[PDB]
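Just one chain follows, in the form deposited in one PDB entry, and it is written as structure tokens.
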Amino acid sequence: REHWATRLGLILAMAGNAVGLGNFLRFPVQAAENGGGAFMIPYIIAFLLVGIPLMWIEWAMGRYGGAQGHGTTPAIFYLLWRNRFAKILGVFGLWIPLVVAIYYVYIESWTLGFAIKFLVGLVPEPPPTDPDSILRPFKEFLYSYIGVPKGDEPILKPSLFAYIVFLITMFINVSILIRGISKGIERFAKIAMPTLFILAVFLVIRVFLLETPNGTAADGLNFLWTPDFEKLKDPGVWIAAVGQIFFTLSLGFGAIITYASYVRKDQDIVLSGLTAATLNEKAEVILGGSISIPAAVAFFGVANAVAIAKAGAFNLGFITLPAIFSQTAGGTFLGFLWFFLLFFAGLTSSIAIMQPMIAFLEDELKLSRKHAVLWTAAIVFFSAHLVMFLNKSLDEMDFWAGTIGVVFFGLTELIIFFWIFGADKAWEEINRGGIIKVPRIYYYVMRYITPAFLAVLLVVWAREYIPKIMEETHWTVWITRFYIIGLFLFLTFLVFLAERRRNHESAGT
């Protein structure tokens, strides 16, 4: 089996798995939509009661499986729980990252296409004070790129440029993955993460210099970092905060598990896992939090900044920020640096969510790395046509896989490891080889608090939120539901084939 070559390499690869579009695009919107500082308390609490303990659990399950030649959850769950149902529940750790990759790589491709156009100055020209006259050209630019519907049909028509850039983006992901863990992912992380850090710091500095008649970047920071204890009682804020913690730490996607499956059996995961998690959190709250929101607030004031965030997932990052930058000297190049940052952040994460399918095909069906990578890319490339052409298909996938799925899977993996496999065995396994030990209090957090917290969350979710989504959506949501259900049945079939191959092989040995 492959292994990470260096400690630093492992840490930066895991940090790049985590630090992605979630930090720079998703966090500012979630924080802004949910009251700024009012979001931050539930967020910090979720980091402590869910993010940290689940991070250690995933690293441990991955390292444990990897020791036996298995890096993905159909096999790993079965190692932990010798029951046919383990293998079926395990399919979610292939299905979730595959479905997420299907829309995530497309959005990543937009950042590359925007980086290219901004570099070469093929960008809109706003009319030199009316905000709408400045924003409209950037709205039109995004809408033309991805091809937002102008009529009643729920159909998208991406530009030829966007489509070619998607192909290029898939090629770049493949170019890294095909080189494998140490020579591909790890080597890339050592270049990409320092680059990303420097680009991000530069942009934070530039933004901190923004001052207009409507405010300063300081006003943005104050909005994000001033607590509002009256919102601690709002379930929606808690649900938002927990969903963001899963998404941002890559938990419940089978991706931390698969990366950790390349950690040597004896090598520490306590300090390493904690470090990757903290690095992500710094990039999220310090870097991601200090760019878009303070820029928007400086230019528009808090109330308008908030309304922009609520407006769409992509408004702040693909329309508003470049529009604001366009009002400054060098602003087109600053937009380039922003999209380049987003691109490296996305790329280091998308390789992490394609690696589970790759590991499964290699570990369980015994494909060569080359074939595993190319068939993985083929399935993602083909499937992404749904997200490219069907309006809101992206939203539907992000909901089932990237929102509900990961929380369900996090609870599942915790129950399997800490309850079924055995709490003391799990605890022992997490701590084995640790440079530090997990604080004792965390045993009770993992065994009782985390699953209870998650279980309640899912119930309140399913009761007061999802009913309005199974009944109040356009009929075309069933196109995406049908297809991703088919993907699950497909992956289940592959796990069935893997077991038949194993059986036929055991009979020959």
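Start at 1 with the first residue shown and count on from there. Rigid core: the largest C-alpha set superposing within 1.5 Å between the two forms.
In what follows, reference is made to the form deposited in another entry, a form of this protein that is not presented.
Colleague: Once the rigid core is superposed, exactly one of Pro137, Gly405, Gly215, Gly180 has its CA displaced by 2 Å or more between this form and the one not shown; which residue is that?
Modeller: It is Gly215.
Colleague: Superposing on the rigid core, does the Cα of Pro227 end up 2 Å or more away between this form and the one not shown?
Modeller: Yes, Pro227 moves 2 Å or more.
Colleague: Under a superposition restricted to the rigid core, does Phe300 display a Cα displacement of 2 angstroms or more between this form and the one not shown?
Modeller: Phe300 C-alpha, core-superposed: shift of 2 Å or more.
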